[PDB]
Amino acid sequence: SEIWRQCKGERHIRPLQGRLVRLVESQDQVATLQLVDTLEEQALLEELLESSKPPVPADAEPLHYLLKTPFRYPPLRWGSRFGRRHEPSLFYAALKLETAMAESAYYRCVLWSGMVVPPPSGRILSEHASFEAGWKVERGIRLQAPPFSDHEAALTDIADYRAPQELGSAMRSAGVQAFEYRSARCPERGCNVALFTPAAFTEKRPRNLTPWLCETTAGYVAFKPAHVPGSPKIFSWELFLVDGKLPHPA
């Protein structure tokens, strides 16, 4: 990575701390309950499916099920922003809830725009959950502030990950354990956080688990709490659209 070399890479490595928040799927166990006749049979079926999943990294095993899940699944075939298909997956999250909803809303449209013809319903009612967790690392980088922010636009590019992916490999070999960075999809310029190692978590209990109702159509992505009254938080497609196309590394 030529930014890690230019941008004072190893001498900016700092001890960093903060809290995270991310959105997850919450209808996984409900799905397998439709294929089977009892809760006892469903718990056994979920364990058969666990044996075929990719193996969980050794240092992520003692974690909570929601905190260690992002470490065992590989990203998309074009890789995540700071990690590729062949590298160990990173734990991606946001600093504030509005940032995580914008990141999650963008990937609702990625699934939508992937199909050549749109979903026939024109309206997908999904259910999700949000949780918060604390993290602290001994070796941390903030891509938002010092020399990296002069390469901020290249890191926050809408449709290629190459410069951030090479920076992610250089940071990983340099021993960086977690790093903050500015979100490319959040309209309010929010900052995200990524963890290379499961040792960053300070608790191993996901805090403030919150259910959410989501509505995805061809025009917007909306969120509202499933347990309490509330106004919907809307995220239209034009927050992510370039021209009339949804951007992504092809």
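Numbers follow the displayed sequence, beginning with 1.
When the two stretches 178 to 186 and 35 to 43 are set side by side, the higher mean Cα temperature factor goes to 178 to 186. Averaged over Cα atoms, the B-factor as recorded in the entry is higher for 138 to 146 than for the other of 87 to 95 and 138 to 146. Comparing C-alpha B-factors across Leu16, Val21, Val24, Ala226 in the deposited entry, the largest value falls on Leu16. Among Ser113, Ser173, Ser126, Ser104, the highest C-alpha B-factor recorded in the PDB entry belongs to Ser173. When the modelled residues of the chain are ordered by C-alpha B-factor, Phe71 sits in the lowest third.
Per-chain ranking of the deposited C-alpha B factor places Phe131 in the lowest third. Annotation for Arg108: C-alpha temperature factor in the lowest third relative to the rest of the modelled chain, per the entry. Per the PDB record, residue ranking by Cα B-factor puts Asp28 in the lowest third of the chain. When the CA B factors of the chain's modelled residues are split into thirds, the value for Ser51 lands in the lowest one.
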